[PDB]
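Form deposited in one PDB entry, single chain, as structure tokens, below.
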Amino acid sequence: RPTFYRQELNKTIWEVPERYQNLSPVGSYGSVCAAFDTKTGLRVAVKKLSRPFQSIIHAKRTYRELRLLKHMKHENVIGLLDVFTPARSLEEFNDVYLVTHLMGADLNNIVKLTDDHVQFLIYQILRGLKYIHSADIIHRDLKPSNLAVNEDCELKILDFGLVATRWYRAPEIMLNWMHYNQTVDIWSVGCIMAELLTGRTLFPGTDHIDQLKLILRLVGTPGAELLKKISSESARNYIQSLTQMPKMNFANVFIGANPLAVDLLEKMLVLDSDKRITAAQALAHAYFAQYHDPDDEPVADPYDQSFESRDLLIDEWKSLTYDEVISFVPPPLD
């Protein structure tokens, strides 16, 4: 066991190993301090989870967050440098601290951009996504605040960003489809890319109805091929009885932009998720010509998410989270 010290920041107390120094609060899932890690010499982000075991839903959330972070080993995805608790035993285990690399800023703070910069940033998102998706994980909440970028324009997909979330959400999610796939994240990338290129939120809906309306303006109302794949009786009604809208030509919409950028946007922002380009396919698109390397775009080890369907007691989730704290193997330093 390392030696811990206490202090107070923003009402919240913090009990961290002495290894981590100069804790400075940066924003409030939980609250984050920037710190200096004496062991590795790195600036780091230390995230104290807020009430990790307040309920079954929190406790499962906490377990889920730890499992996901421990699995992620890729340059474009947030990784775990360390995880610790001040607790001596399971009996007193109440607090979870997660340690990751401190990134300079989020893509929300980055505001338009040069086309060569958007190429590099969207390349990196897709590279991280190929990896996440290969493990059968779907991010579901991609948006500029969940994309951390450092001084060097190096980008990492984040867990959580600690602006409406609806703005980047795939329409099949909006409409509550149950069998949506990994391309929901591709939709979001499409929305993010569009915003980087024009400097404006692509679909700034005031609510879920307005959101779908704005999406449909650009992509058009469902065609015959998509219509016949819709299972829900009312969903089909709501769309067979909205004023039919043509798909817009994206060239008419993103005027100025690189035609390759426009073309990729066309492949990402397909209303029908069956037709939408995957992360692996997008990486091969000509737009990423100067970055694409099929030998340096790894996939992930398999990830066991069987726990997702399990209905457990709060103290069981807490116990399993505790095992995960204990079994953690720090990554080897450079």
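If you superpose the two forms and keep the largest set of C-alpha atoms that fall within 1.5 Å, you have the rigid core. From 1 onward, residues are counted along the sequence shown.
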At least a third of other PDB entries omit residue 206: no
Cross-entry absence of residue 76, a third or more of other PDB entries: no
Can you count the deposited residues that have no coordinates between residue 281 and residue 282 and report it as none, 1 to 3, 4 to 9, or 10 or more? none
Looking at the deposited sequence, how many residues between residue 153 and residue 154 were given no coordinates in the entry: none, 1 to 3, 4 to 9, or 10 or more? none
Looking only at C-alpha temperature factors in the entry, 62 to 70 or 290 to 298, the higher average sits in 290 to 298
Give the stretch, out of 120 to 128 and 176 to 184, with the larger mean C-alpha temperature factor in the deposited entry. 176 to 184
Per the deposited B-factor column, the C-alpha that peaks among 241, 76, 100, 146 belongs to 241
Residue set 211, 134, 201, 108, per-entry CA B-factor max assigned to 108
Going by what the PDB entry lists, where does residue 140 fall on CA B-factor within its chain: lowest, middle or highest third? lowest
If you rank the chain by CA B-factor, which third does residue 275 end up in: lowest, middle or highest? lowest
Chain-relative CA temperature factor third for residue 9: highest
Residue 265, C-alpha B-factor rank within chain (lowest, middle or highest third): lowest
Third of the chain's Cα B-factor distribution that residue 207 belongs to, per the entry: middle
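Beyond the structure shown, there is the form deposited with a small molecule bound, which is absent from this document and is the topic of what follows.
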Looking at 42, 284, 299, 26, which has any heavy atom no more than 4.5 Å from the small molecule in the deposited bound form? 26
Answer with one of 164, 90, 103, 218: the residue that has a non-hydrogen atom within 4.5 Å of the small molecule in the deposited bound form. 103
Considering the small molecule in the deposited bound form, find the one stretch among 246 to 254, 151 to 159, 197 to 205, 260 to 268 with heavy atoms no farther than 4.5 Å from it. 151 to 159
Examine residue 186 and determine whether its closest non-hydrogen atom to the small molecule in the deposited bound form is within 4.5 angstroms. no
Please check if residue 126 has a heavy atom lying within 4.5 Å of any heavy atom of the small molecule in the deposited bound form. no
At 4.5 Å between heavy atoms, is residue 98 in contact with the small molecule in the deposited bound form? yes
Is there a heavy atom of residue 32 lying 4.5 Å or less from a heavy atom of the small molecule in the deposited bound form? yes
From 152, 136, 233, 91, residue displaced between this form and the one not shown - CA threshold 2 Å or more, rigid core: 233
